[PDB]
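Taking the form solved without the named molecule, here's one chain by itself in structure tokens.
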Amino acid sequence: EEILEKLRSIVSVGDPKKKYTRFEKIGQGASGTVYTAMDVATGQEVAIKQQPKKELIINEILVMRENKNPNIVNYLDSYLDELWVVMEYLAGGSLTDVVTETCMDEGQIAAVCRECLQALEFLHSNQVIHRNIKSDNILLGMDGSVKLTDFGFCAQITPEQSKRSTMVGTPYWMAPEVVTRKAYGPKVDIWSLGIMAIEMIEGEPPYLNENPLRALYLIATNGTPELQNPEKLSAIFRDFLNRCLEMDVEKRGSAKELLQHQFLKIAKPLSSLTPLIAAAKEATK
């Protein structure tokens, strides 16, 4: 199997057990097994993750290695039947706990959006479509840092073929043009950011109480989802939302132009996120 040796060609040699010490488990679910650890020489804390389809793996590592960014969970090293991937450790945990257990004000939401847009602006400029933007794939630093991960469903595009048409991602966060198997581009990430902002407002994406297929159909025949309580939001927030969740892909904002939106100007410092992190940690204890 050529692929299996293409993977072994990527990862480096050396013994993992010898470079890091004090390993402690913190994750084991629909992925593999995630542990925490520390660098012996510098004292840096790291996160180390440990069939089916070993291609998502290859592209993950490859795409992560050549797309380093302050707003992306940094890939560090890799070792080898289960792969050992060493990554930047963010102690604040996932955005999901924050959106489901806490109320976020517009300044806090704007700050997260801005950090995410900056990640997206970087990826889209390097011809990378994430395709799986959701609060679950946003990690938080104990200092308030906001970073993106999960490049297992991404698509590297080119001027010759700048569109995809496959149904990938997570249903509730998928743009209509992805759901309808049309020719789509990087702006699908923008749609998904918009749905994530709806998470930050309401606690969950639209249609979450429905089954994934019903949600797929609902997205297909509703287009732009409605807020339960639009009146709660400022006019500038609602406008930012409308341009993320625009049906017309041409009218929908890019990461670049959305970064200039007046809504992001009311963003709080990322330190305003640490009380949300503490609340989420308390809430899920």
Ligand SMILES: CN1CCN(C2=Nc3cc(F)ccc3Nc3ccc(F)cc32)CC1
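So that there is no doubt, residue numbering starts at 1 and follows the sequence shown.
In this entry, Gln50 and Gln51 are separated by 4 to 9 residues of the deposited sequence that lack coordinates.
Unmodelled residues of the deposited sequence between neighbouring positions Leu80 and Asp81 number 1 to 3. 226-234 and 27-35 differ in mean CA B-factor, and the higher of the two is recorded for 27-35. Averaged over their C-alpha atoms, the temperature factors of 15-23 and 264-272 are higher for 15-23. Out of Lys134, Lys163, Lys147, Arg214, the entry records its largest CA B-factor for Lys163.
Within the group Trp191, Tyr172, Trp84, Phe122, the record's highest C-alpha temperature factor is found at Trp84.
Per-chain ranking of the deposited C-alpha B factor places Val179 in the middle third. For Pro159, the recorded CA temperature factor ranks within the highest third of the chain's modelled residues. Ranked by Cα temperature factor within the chain, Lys281 sits in the lowest third according to the deposited record.
The same protein also has a form solved in complex with the named molecule, omitted here; what follows describes it.
Placing the named molecule onto this chain after superposition of the site C-alphas, with its pose taken in the entry with it bound, gives at least three ligand atoms within 2.4 angstroms of backbone or C-beta atoms; the site is classed as blocked. Only one of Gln108, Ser145, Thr102, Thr149 comes within 4.5 Å of the named molecule in the entry with it bound through a heavy atom, and that residue is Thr149.
This chain is drawn without the named molecule; in the entry with it bound, the residue among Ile201, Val128, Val179, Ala215 with a heavy atom within 4.5 Å of it is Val128. Stretch-level contact check against the named molecule in the entry with it bound with heavy atoms at 4.5 Å: of 182-190, 68-76, 110-118, 201-209, the positive one is 68-76.
Although the partner is absent here, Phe122 is a contact residue: one of its heavy atoms lies within 4.5 angstroms of the named molecule in the entry with it bound. Mapping the unseen interface onto this chain, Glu246 falls outside it, with no heavy atom inside 4.5 Å of the named molecule in the entry with it bound. Though the partner is left out of this view, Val63 does reach within 4.5 Å of the named molecule in the entry with it bound, counting heavy atoms only.
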